[PDB]
Structure formats: C-alpha cells, structure tokens
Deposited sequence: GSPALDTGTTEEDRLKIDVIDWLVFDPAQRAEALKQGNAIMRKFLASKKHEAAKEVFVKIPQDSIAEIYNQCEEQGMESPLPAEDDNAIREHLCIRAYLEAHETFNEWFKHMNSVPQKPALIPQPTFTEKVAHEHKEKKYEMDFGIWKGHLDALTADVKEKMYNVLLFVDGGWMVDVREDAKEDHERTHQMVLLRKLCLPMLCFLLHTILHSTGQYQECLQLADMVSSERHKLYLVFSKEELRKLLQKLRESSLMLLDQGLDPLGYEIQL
C-alpha cells in the first residue's frame, strides 16, 4: 500500500498552491515509514518534496509545525546516511599481516615489507574513518540535541488537536532517540573516544533536553552498562573511569 501513500504525494506536489498541504501529508507518510525504519521509503518521500517548498510556503501553527517536523526528518535521515557510510567503512578495516614464525630470511624480508604496507593501508583507512566519524557524530548530535525544543517536538502550541500526529511523534522520539544514542556510543567506543562516551550520561540526563524521559528503565540500564565498558577501556590506558589522569 506503500506506493499508495508515497505516490499520493506526487499529486499534492503537482499544485504549488498546495505545498503546505503536501508538506503536512508527506510528514505524516514519513512518520509512519520512520516508525518502521523504512528510510529509503521516507527518503523517497522526502525527495519528492521540492527542496524549495519551505521557502515558497512563507504562518498557521500547523504549517510552522510541519516545517520544523520536516527539518527534523531531514536531520534524522542524514544521521542514518552518514552512519551507514561510517559503518560500511569500519567493516573494510585492513587485515594485519600473517606471521610465519621461524621465517626463512626471504620470509623475513617479505614480512618487513607487508608490515610496512599494512601500516600504510591502515593509516589511510583510519584517515577516512576519522572524516566519516567526525561527520556522523555531528549528525547524531544534531538530532539528539535538536535546536529549540527537541527532535520531533512542536515549538508552536496553537495548532488544533491531532492526537494521531502528537502520539506518533512521541513514539518516534521513543524509537529513534535511544537508538541514536546507542549508535552514537558504538561510534565513540569503536574509535577510542571513551571519554566522550561517558559524557553521553551528561547529554541523556540533562534537564535541558530531558532525553531520559524517552528511555525506558531497561534502555537506561543498557546505556549505563555500555558506559561501564568504556570506563574499563579507560582504566587499561592508565586513566580513571572518566578518562581523567589519576593524580
């Protein structure tokens, strides 16, 4: 039935005078798709929305709300694009050269060479990784610390009751924020940024964004257990559990 939803958007977008309605109905379609993590689908709908719809549209609460929601969906989709790229790259990490204990002189020379080649292949890999890592962190944080009131939260209180929309959005927050926060931890921890992992406890517990309201108790426990893993790695470096030097 997907097509029925994703296609009815072509219809609404056809008529410029109907861009606000197109934005709103597209947001609705994408809210459903995002709830089932259908990002290609959502992206398929997202693109159909003329990249210039927002400018044109320019404010009833519903439209002000639709624009913000739309940017929230954009931030989310981007966080997943960058993450897929980071993920795909992380799984192309160069393989350490295999040792031939009791190498013959010829094998020692070959190994010296491969060893140095590996250090090159790996330092290049890590070089790209660093670019990708910095970018996906920026995207995650954009969603997680979404400007002016929170991701999928209306700034504008004067819209009419739409119980469906309003609870869909609370659902999205519950499905997407803890998820991002866990992905983010995987990224930080995988790339040895353990101190910043632990600062995830700041971000989540902060009254500013009140992220913890969106976590179930079980997910908070899981989060704590993950941070503990980062602490252990910091102990192995001769630091304290939060990454500070042991004075």
{"item": "Unmodelled intervals of the deposited chain, in order", "value": "1-11, 70-80, 270"}
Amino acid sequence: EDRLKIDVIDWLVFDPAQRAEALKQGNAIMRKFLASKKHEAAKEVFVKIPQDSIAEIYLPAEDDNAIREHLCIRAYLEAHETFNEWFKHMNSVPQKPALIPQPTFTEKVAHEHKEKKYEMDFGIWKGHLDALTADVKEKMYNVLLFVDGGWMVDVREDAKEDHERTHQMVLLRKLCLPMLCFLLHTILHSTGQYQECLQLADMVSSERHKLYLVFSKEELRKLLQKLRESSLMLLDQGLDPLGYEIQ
From here on, numbers count along this sequence of modelled residues.
{"query": "Residue stretch of maximal mean CA temperature factor, 37-45 vs 196-204", "finding": "37-45"}
{"query": "Of 92-100 and 107-115, the stretch whose C-alpha atoms average the higher B-factor in the entry", "finding": "92-100"}
{"query": "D121, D135, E157, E164, ranked by C-alpha B-factor: the highest one", "finding": "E157"}
{"query": "Among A61, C181, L220, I187 - the residue whose C-alpha B-factor is largest in the record", "finding": "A61"}
{"query": "Record-listed C-alpha B factor of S231: chain third", "finding": "lowest"}
{"query": "Record-listed C-alpha B factor of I67: chain third", "finding": "middle"}
{"query": "Chain third (lowest, middle, highest) by recorded CA B-factor, residue given as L23", "finding": "middle"}
{"query": "Ranked against its chain, the third holding the CA B-factor of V147", "finding": "highest"}
